[PDB]
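Take a look at the structure below.
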Amino acid sequence: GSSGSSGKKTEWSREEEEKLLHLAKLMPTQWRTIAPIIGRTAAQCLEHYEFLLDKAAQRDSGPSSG
Numbered sequence: 001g002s003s004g005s006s007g008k009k010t011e012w013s014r015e016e017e018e019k020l021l022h023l024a025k026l027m028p029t030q031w032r033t034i035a036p037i038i039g040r041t042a043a044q045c046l047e048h049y050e051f052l053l054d055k056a057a058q059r060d061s062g063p064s065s066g
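Numbering-wise, the sequence shown is residues 1 to 66 according to the deposited numbering.
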């Protein structure tokens, strides 16, 4: 039981992201630590992070054959 209003949901910001990509890469197996280091929960950090990776690819910007 919920409503389409602010509260349960949580939108990230350029800042939260930038730092996320950094930490995530630093310790991809320490979400339990990055969570409290960023502000969001382990699940939130991982969930959001992973989402970014895919989001980036989708971006029209063509990938760099590597």
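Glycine included, each C-beta is placed from N, C-alpha and C at the ideal position.
Would residue 10 and residue 32 qualify as a contact pair, given that the criterion is a beta-carbon distance under 9 Å?
No; because the gap between Cβ atoms is not below 9 Å, this pair is not in contact.
Quick check: what's the CA-CA separation for residue 65 versus residue 7?
Approximately 41 Å, taken between the alpha carbons.
Report buried or exposed for residue 23, applying the criterion of at least 16 other Cβ atoms within 10 angstroms of its Cβ.
Buried is the call here.
So what does DSSP say about residue 54, is it helix, strand or coil?
If DSSP states are grouped into helix, strand and coil, residue 54 belongs with the helices.
Is the distance from the Cβ of residue 56 to the Cβ of residue 44 below 9 Å?
Going by C-beta atoms, residue 56 is not nearer than 9 Å to residue 44.
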